[PDB]
Amino acid sequence: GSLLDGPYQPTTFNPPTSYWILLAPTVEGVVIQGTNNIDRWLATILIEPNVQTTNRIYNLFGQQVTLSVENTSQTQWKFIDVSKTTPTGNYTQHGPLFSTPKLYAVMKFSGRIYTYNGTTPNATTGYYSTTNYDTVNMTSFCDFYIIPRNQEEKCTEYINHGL
Ligand SMILES: CC(=O)N[C@H]1[C@H]([C@H](O)[C@H](O)CO)O[C@@](O[C@H]2[C@@H](O)[C@@H](CO)O[C@@H](O[C@H]3[C@H](O)[C@@H](O)[C@@H](O)O[C@@H]3CO)[C@@H]2O)(C(=O)O)C[C@@H]1O
Ligand code: NA
């Protein structure tokens, strides 16, 4: 499609501002992680359908982090953003997205990192205020695509309905 650059292999990079990074993960685990190395460590984890509240170990920024996770949905996969604001602090969970297409997206824009939240096919966006935001480097652990912001409508369409 003319609004979808890629696909690209899993990589560490500094994503350009005002571009949505569309992620196409497969199995459960860590989808993407990013930090400004100041006061924001952010990652997105993926949980398969039908998971009762349980402790799972995730490799976040090179260390084993145990988080209590659940997915009450029997049909939809669950993306959860996890965030800490100090290097030694605990990760808290935010902006879940319940997803049928199993696509996620992240964007650096206007002092923030934006992601999707809610339930497909009616997903919306949410954001995380991030100091010195365009220094944020990210590691995607799955294949991804690039879509500009001026067609966020298109990214939202992909999130809600798939490729
Ligand atoms: C997707 C999402 O939740 N986005 C919000 C984020 C994240 O929750 C946060 O970045 C994860 O670390 O938070 C935003 O700002 C909120 C954050 O700074 C929290 C920290 O405690 O405070 C919120 O305001 C509080 C306020 O301090 C209280 O007095 C009371 O009124 O409640 C409000 C709401 O909890 C900040 O709004 C962010 O921009 O990073 C807001 C995002 O919507
Ligand atoms: Na989210």
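Residues numbered from 1 in each chain as written, not as in the entry; some residues may be left out. Chains lettered and ligands numbered in written order. Heavy atoms only, no water.

Judging from the entry metadata, X-ray crystallography is the method by which this structure was determined, and 1.80 Å is the reported resolution.

Caption draft 1: The nonpolar core, seen in detail. Counting 33 residues, the largest nonpolar core has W20, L22, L23, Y116, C155 and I159 as the members making the most contacts within it. Of all elements in the fold, only β3 (19–23), β4 (29–35), β5 (41–47), β8 (77–84), β10 (104–109), β11 (112–119), β14 (144–148) and α1 (152–161) reach the threshold of two or more residues within this core. Every residue in contact with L22, bar those within four places of it in the chain, is listed here: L4, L103, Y104, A105, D143, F144, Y145, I147, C155, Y158, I159 and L163. Judged by nonpolar contacts, the second largest core, of 14 residues, contains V30, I45, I47 and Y91. (Core = buried A, V, L, I, M, F, W, Y, C linked by side-chain atoms within 4.5 Å. Buried < 20%, exposed > 50% of the residue type's maximum accessible area, 1.4 Å probe, protein only. Helix = DSSP H or I, 4+ residues; strand = E, 2+ residues; numbered from the N terminus. Contact = heavy atoms within 4.5 Å.)

Caption draft 2: Representation of the environment of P7. With respect to the helices, strands and loops of the structure, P7 is situated in strand β1 (residues 5–8). For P7, the contacting residues outside a window of four places in its chain are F144 and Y145.

Caption draft 3: Just the UniProt feature "disulfide bond" in the protein, in detail. A sulfur-sulfur distance of 13 Å is found between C142 and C155, whose disulfide is recorded in UniProt, and that is too long to count the bridge as formed. Along the chain, the position of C142 falls in the loop between β13 (137–140) and β14. (Disulfide = S-S within 2.5 Å. UniProt positions renumbered as here; feature names shortened; annotations may be inferred.)

Caption draft 4: Focus on the coordination of the sodium ion (ligand 2). In this structure, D81 (OD), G95 (O), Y104 (OH), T115 (OG1) and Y116 (O) serve as the protein donors to the sodium ion (ligand 2), at separations of 2.3 to 2.8 Å. When the donor residues of the sodium ion (ligand 2) are listed from N- to C-terminus, their spacing reads D-x13-G-x8-Y-x10-T-Y. Here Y116 lies in strand β11 and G95 lies in strand β9 (residues 92–99), a separation of 21 residues in the sequence. Judged by relative accessible area, which is 0%, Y116 ranks as buried. (Donors = N, O, S within 2.8 Å, 3.2 Å for Na, K, Ca; no water.)

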